[PDB]
């Protein structure tokens, strides 16, 4: 339900003033990252668009082009993302994820498993308007099997809305799932895809709790964390998001920095795409579910301008 983001409109807003600052910072002989990141992070997406607008109206130049022309590395990637209109992010994220050789079966999961129905019907529309193609097809072209079917079920954005309680059905679903969730999720997929894919959230939250009574343990148990295939990966992403989306992203952020190296891509995708929706909740979850500070982690795992930004989007100290 209701959640807080980390980025909220800036006041007193002045696109033009902001536009010249960025220009001044980028123009001339040197590049003043400090100012740029202090501006893009404290200004929300709807404001970066206006800033971008003023920027051109005053200089005949293209703000985003100009940013890509002066910035580099991750700080560049971060900065350019926070600028990407909030309306095409997923569509664009999805395009560069199904484009060319090698398919990001993970970005497809994250997005299609976390976005809302309104948000998804939007993705589909954007993808056509901007790229002039069909997300479904472009999806069914790089996907196959039950994985694809589940991916497609989600794409429809027709999950059953929340409502009264059908105790009968909750027992039915729990059981039905359980059997197939003991067969290592390989026997009769069509049916658990239907249940996990379309039932209301309030309903599934409930099937989860009963299935806990039928098997003696949670459902995320049956599915191997890292191992398994894209389906299990998606089955697991669906369940996580039904329970608590913020919990889902805090876990994704956790694994993004834990271990060998750091999956900066995801870190950048998560931190941005959530900045104005639930990042402030994700932050609270992280701690509660990991006995560790999300901020301090980003703090101790990155550096430079790249870091200064992130830590702000993270909510500062």
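Positions refer to the first chain, counted from 1.
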Comparing 190 to 198 with 76 to 84, the one whose average Cα B-factor in the PDB entry is higher
190 to 198
For 65 to 73 versus 252 to 260, entry-based mean Cα B-factors point to 252 to 260
Reading the B-factor column of the entry, which of 169, 108, 120, 180 has the highest value at its C-alpha atom?
180
Among 114, 244, 213, 125, where is the Cα B factor highest in this entry?
213
In terms of the CA temperature factor given in the entry, to which third of its chain does residue 279 belong: lowest, middle or highest?
lowest
Entry-reported C-alpha B-factor of residue 176 relative to its chain, by third, is highest
Of the three thirds of its chain by CA temperature factor, lowest, middle or highest, which one includes residue 56?
lowest
Sorting the chain's CA B-factors, does residue 27 end up in the lowest, middle or highest third?
highest
Modelled-residue ranking by C-alpha temperature factor, third containing residue 142:
highest
